[PDB]
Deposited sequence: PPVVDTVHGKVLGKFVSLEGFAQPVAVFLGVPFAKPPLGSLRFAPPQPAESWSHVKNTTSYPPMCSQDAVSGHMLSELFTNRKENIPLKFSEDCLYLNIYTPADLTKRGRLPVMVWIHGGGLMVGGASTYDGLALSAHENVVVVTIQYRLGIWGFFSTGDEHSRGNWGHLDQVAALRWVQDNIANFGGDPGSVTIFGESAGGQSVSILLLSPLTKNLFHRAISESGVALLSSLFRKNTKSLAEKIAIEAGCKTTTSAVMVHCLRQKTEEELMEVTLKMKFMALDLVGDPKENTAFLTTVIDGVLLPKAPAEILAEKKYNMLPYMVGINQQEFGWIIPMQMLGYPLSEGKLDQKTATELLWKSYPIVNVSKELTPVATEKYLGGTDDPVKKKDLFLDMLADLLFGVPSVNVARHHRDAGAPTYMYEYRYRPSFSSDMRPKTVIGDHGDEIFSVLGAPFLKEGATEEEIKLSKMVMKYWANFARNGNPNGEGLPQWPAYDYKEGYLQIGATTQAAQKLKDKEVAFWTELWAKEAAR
C-alpha cells in the first residue's frame, strides 16, 4: 500500500496491476488540492487546503461537483474508458484530483506529467469517469485527472469585484499549482507537465494557455475539439445572466454584492433547483434566439483574463509553448427551410446573424444534394462552427506567433476511447481500434515528453507550418494538409461582408 507525502499531509493510495505490465500502477483517488469551497468560499477563488496530521485514505473516488445528475450520469456512462460504471456522488466539496503513477515510489521518479481536464460544457462532468490507469501504464507517464467547479458554482459572474467569475478556471489553475508543489513525490516531473482535454476541457486548456497566471504551471498543451474561440463558452460579460439567476433563486438584484451575498445563503439543493429551472444544457427553439443567453461561461475578469481571448491571441504575447489542436468531424434529416431555421435558433450556440443564416445553409446544405437523408451536412457545418473553424483559427494564430503547433482530425469523446486506452480495461473491441489506441497515446505522450508527437513506429506527423500540415488519424493513419481551409475561408469572408454593412 503506497503512502506518499504531500505539502499538506500524507495520502494512502493503492496498487493496481494492469495485465500485460510488470510494474503495478500506484493510484490515489480523491486527493484534495484546495479547501472545500463552502459557505463564504462559494463564488470565490480556491483557497489552499488546511494541513492534516493523519494519513489520508485516497483510494475512493471523490464526489463530483454539483451538477445535473441526470445529464451527469449519462455523460459519465458515455465517456468512461473502463468497463465498470462508477457510483457517482455530487457535492460542492469536489476540489480533488486523481493520480495514476507508474513510477517506482521507492526511487526518484522524473516521469512527464499529463493533466487531463474533462469536458461537459462547464456544466457537467467529473475526473473519475476517466481512467489514466492505461495511459500511465502504456506510455510510462504520470496521469492526473482534475475536477473544477461547474455551472453557477463555477462561473457565476456579476461582471465586477463582488463576483468576478471563472471560479472553475481558477480551480484548474490551483490544481496545476498543486501538481507543481507535489507531483515530484509521485515520481512526476514538475518540469514537464502537459495539460490536455476535450470539448469544454479543450477550451479550458486554450484559456489556460492564454492566461497571465499560468506562467510555468505547464509546458505543453493539447486541445481536443475545443479551443478558446468557442463562442458558446465565452462572453465578455454575463451581468444580465447573473441577474436572471439571482431572481430565479428569489434574490433581489439591487446590487452585485447583495446578489452574491443572498446566493451564498442558498443551499446546494436550492441552487441545484435554480440550475434545473434555468435549463442551461438545451437549445430553446420558440421565441427570440437572442434572449436565451442561458449559458454560464468564461468571462473577462481582469485576473485569469485581462481582456477577451481573441485579442490576447492577437497580441501574441502569452505563454509560448507546444500546442496541439485537434478535431473529430462529429458532434455526436430535414429540408433547407427547417434546417436554415435550426441554425437561427442555434444562435446562442453559434452566433450566426439571421441575415446570414440562409447563406450558410444554401452553401453547406446548398443546392447540391436535395435529398433529406443527405442533410448530415448541416451537422458538418454546425461542427465547423463549434470547433472546426475556431480550432484552425487558434492554430494559425499560435503558428503565426512562432510557437510549435500541430493539428489532427480523428475519424467528441471517441478519441477519448483511444487517448485513455479504453480498448484494454473495457469490453474488448476490434483488435484494430485497440492498436489505434496505443498509437494515439503514443503521440500524446511523445508530445508530452518532447513537444513533438513523432516517434519510431508511428507515421510522420508534420509540424503545423504554412502548408497546414496535419495528421489524419483513423482506420488508416496518414498525413494531410490545409485542414478546414475551404470552410474557414467561406466563414471568415461571410462574416467579413458584414464588417461594414
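inquiry  = As a test: can you identify every run of the deposited sequence that has no C-alpha position in this structure, in order?
reply    = Missing C-alpha atoms (numbering from 1) occur across the ranges 333-348, 428-444.
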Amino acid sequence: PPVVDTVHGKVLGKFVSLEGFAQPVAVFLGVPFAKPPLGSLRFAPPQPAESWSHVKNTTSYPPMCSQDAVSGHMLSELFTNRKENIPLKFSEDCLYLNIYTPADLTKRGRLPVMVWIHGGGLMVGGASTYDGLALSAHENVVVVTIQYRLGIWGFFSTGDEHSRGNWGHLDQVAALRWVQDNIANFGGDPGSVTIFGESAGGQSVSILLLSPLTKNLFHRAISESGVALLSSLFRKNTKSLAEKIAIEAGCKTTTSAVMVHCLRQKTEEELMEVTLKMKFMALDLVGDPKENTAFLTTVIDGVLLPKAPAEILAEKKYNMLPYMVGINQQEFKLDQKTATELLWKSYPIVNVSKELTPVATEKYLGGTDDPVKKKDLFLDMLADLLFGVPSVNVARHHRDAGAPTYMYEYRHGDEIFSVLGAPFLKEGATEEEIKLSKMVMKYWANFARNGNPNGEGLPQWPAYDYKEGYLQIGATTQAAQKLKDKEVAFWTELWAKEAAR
From here on, numbers count along this sequence of modelled residues.
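query = Out of 265-273 and 312-320, which one has CA B-factors that are higher on average in the deposited record?
reply = Higher of the two, by average CA B-factor, is 312-320.
ask   = Given the B-factors recorded for C-alpha atoms, which segment has the greater mean, 87-95 or 373-381?
value = Taking the mean B-factor of the alpha carbons in each, 373-381 is higher.
Residue selected from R177, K107, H397, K333 by maximal Cα B factor = Within the set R177, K107, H397, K333, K333 shows the top C-alpha B-factor.
message = Between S391, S157, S136, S418, which one tops the list for Cα B-factor in this entry?
response = Spelled out: the listed residue with the top C-alpha B-factor is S418.
inquiry  = How does the C-alpha B factor of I473 compare with the rest of the chain: lowest, middle or highest third?
reply    = It belongs to the highest third of the chain when residues are ordered by C-alpha B-factor.
message = Test of reading the entry: by CA B factor among the chain's modelled residues, which third contains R164?
response = Lowest third - that is where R164 ends up once the chain's C-alpha B-factors are sorted.
message = By the recorded C-alpha temperature factor, relative to the other modelled residues in its chain, which third is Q329 in?
response = CA B-factor rank for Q329: highest third.
task = Ordered by C-alpha B-factor within the chain, which third holds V7? Give me lowest, middle or highest, please.
result = According to the entry, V7 has a C-alpha B-factor in the chain's lowest third.
CA B-factor placement of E341, once the chain's modelled residues are sorted into thirds = Highest third of the chain for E341's C-alpha B-factor.
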